[PDB]
Amino acid sequence: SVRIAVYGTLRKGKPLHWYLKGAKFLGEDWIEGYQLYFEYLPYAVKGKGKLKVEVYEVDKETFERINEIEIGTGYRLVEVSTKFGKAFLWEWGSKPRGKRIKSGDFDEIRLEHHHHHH
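As recorded in the entry header, the structure was determined using X-ray crystallography to a resolution of 1.40 Å.

Here strand β2 (residues 24–38) runs beside strand β3 (residues 42–58); their pairing, made up of 13 bridges, is antiparallel. Across the sheet, the residue bridging to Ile-31 is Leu-51, located in β3. Connecting the antiparallel pair β2 and β3 is a turn made up of 3 residues. Pairing geometry for β2 and strand β6 (residues 99–100), over 2 bridges, is antiparallel. Considered in β6, the bridge of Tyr-37 is made with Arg-100.

Taking the UniProt record as the reference, the feature "binding site: substrate" is found at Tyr-7, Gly-8, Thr-9 and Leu-10. Look at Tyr-7 and you get buried, because its relative accessible area is 4%. A distance of 3.2 Å separates the side chain of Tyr-7 from the backbone nitrogen of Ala-44, its partner in a polar contact. Position of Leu-10 relative to the elements: it lies in the loop between β1 (2–6) and β2. The class of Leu-10 is buried, set by a relative accessible area of 9%. Ignoring anything within four residues of it in the chain, the contact list for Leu-10 reads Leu-16, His-17, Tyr-19, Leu-20, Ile-66 and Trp-90.

What follows is about the pattern of salt bridges. One pass over the structure, following the stated rule, counts 12 salt bridges. Of the charged contacts in the structure, one is a salt bridge between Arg-11 and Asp-105, with a shortest N-O distance of 2.8 Å. With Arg-11 in the loop between β1 and β2 and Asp-105 in the loop between β6 and α2 (108–117), this pair connects stretches of sequence that are 94 residues apart. Accessibility assignment for this pair places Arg-11 and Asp-105 in one class, buried. Where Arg-65 meets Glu-61, a salt bridge forms, and the shortest distance between an N and an O atom there is 2.4 Å. Taken as a pair, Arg-65 and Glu-61 lie in helix α1 (residues 60–66) at a separation of 4 residues, close to a single helical turn. Connected through shared salt-bridge partners, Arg-11, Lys-14, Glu-28, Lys-52, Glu-54, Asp-105, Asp-107 and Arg-110 make up one network.

A word on the packing of aromatic side chains. Scanning all chains against the criterion turns up 8 aromatic pairs. Arranged with centres 4.2 Å apart and planes meeting at 35°, the rings of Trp-18 and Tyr-19 form a pair that is tilted. Residue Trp-18 is classed as exposed on the basis of its relative accessible area of 52%. Look at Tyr-19 and you get buried, because its relative accessible area is 17%. Seen in terms of ring centroids, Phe-63 and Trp-90 are 5.6 Å apart; in terms of plane orientation they differ by 25°. Their pairing is stacked. Of this pair, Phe-63 sits in helix α1 while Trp-90 is found in strand β5 (residues 87–92), placing the two residues 27 residues apart along the sequence. Here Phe-63 and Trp-90 have matching classes, each one buried. An aromatic cluster is defined as three or more aromatic residues linked by ring pairs; in this entry it consists of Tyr-43, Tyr-75 and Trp-92. Between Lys-50 and the ring centre of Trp-30, over which it is positioned, the NZ or CZ distance is 4.8 Å.

Here is what the cut-offs are and how they apply
Residues numbered from 1 in each chain as written, not as in the entry; some residues may be left out. Heavy atoms only, no water. Pairing = 2+ DSSP bridges. Helix = DSSP H or I, 4+ residues; strand = E, 2+ residues; numbered from the N terminus. UniProt positions renumbered as here; feature names shortened; annotations may be inferred. Buried < 20%, exposed > 50% of the residue type's maximum accessible area, 1.4 Å probe, protein only. Polar contact = N/O pair within 3.5 Å; in protein donor to acceptor, adjacent residues only side chain to side chain. Contact = heavy atoms within 4.5 Å. Salt bridge = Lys/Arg side-chain N within 4 Å of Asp/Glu carboxyl O. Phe/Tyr/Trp six-rings, centres within 6.5 Å; stacked < 30°, edge-to-face > 60°. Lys NZ or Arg CZ within 6 Å of the ring centre and 35° of its normal.

Encoded structure:
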């Protein structure tokens, strides 16, 4: 069993969340020392600010499957502290791209959707 903290693509409702359909959701938390950027993909890089994450417990097979996904190419595995204990997080390994999401919450993009269609 591996504990992971996801801030983007793997979060509930996001493009790759189906990989976590069998995982156990522990709750959300905030990781200090990270900034969030978004172009076509979400990027968490070290910097001043806090990052919203969803923390899950996944089995070995599930973790290995996720860590094999092609899109994970540009991210590297790091460890972060969460209120549920240490967890792994996929940190973007290059300069971030796209606009900064000031709230540190990937859901800010949905708020934009809300503003345009509702």
